Structures are given as structure tokens and as C-alpha cells.
């Protein structure tokens, strides 16, 4: 697992968080990307703050569309949550994953930290 594209719908929240957490743990030998099937107008600032709280940074992140050459060539395409849909091309050299996110009975920052911590667990597992 030497390259990963994290994907969700807007590329403002979970996928940026996953990308920020992965960078925080990964060696330089791992290329880390994030993208959205429908890129948002900007970042989820709650996501931004949740990431800042654990000493990572996604504040420089930019919501962006899925690059077909990245999609085709990364080792892992990881969809966060239930909504985003990605159909791996036949030529794809990598494999598709989907991580479910258990919605907490909370809102705002309390909720976002719970989301972050779930993503954290998975990203550490992914890089292991």
C-alpha cells in the first residue's frame, strides 16, 4: 500500500481528514490524495478544527475532483461513508475499499471528533 486516494462526495470533510491523518502517520514512501465525486465550495471548518485538535492540518486542503490517472493508478481507493460511489476502471491497478462511519448521537464538534477518531483507527490500520 504505497498510494491511496481518499474519496467521499464533497472532498471538504471526511476525505480531507483521512488524508490529513494519513500524512501525519505515513512515511514519505506513501502518496496520499483525496478527492470528491462532487467537490464542495470549500472545507468543512469543523473537520478543519477537529484535525487541528490532534496536531494535524487540513486547513490548506482544497476540494477537488477525482483525477482519472490517479484513480487508475493508486494502490487503494478508499471511500469514506455510504454516499460516494466510485466504479473502478478495468485498467485500474489498485483496489477499492469503503469505510463505514458510525454516526454518533451528537452534533457539531462533539460529533466531528467521534468521526475523526473512527477515521484515525482505520487509517492507522491501512498504513499497517
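Residue numbers count along the first chain shown, from 1.
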If you average the Cα B factors in the entry, which is higher, 102-110 or 13-21?
-> 102-110
So which stretch wins on mean C-alpha B-factor, 54-62 or 85-93?
-> 85-93
When the CA B-factors of 28, 49, 67, 75 are compared as recorded in the entry, which is the largest?
-> 28
Reading the B-factor column of the entry, which of 123, 5, 8, 1 has the highest value at its C-alpha atom?
-> 1
Ranked by Cα temperature factor within the chain, is residue 32 in the lowest third, the middle third or the highest third?
-> lowest
Using the B-factors in the PDB entry, rank residue 40's C-alpha atom against the chain and give the third, lowest, middle or highest.
-> highest
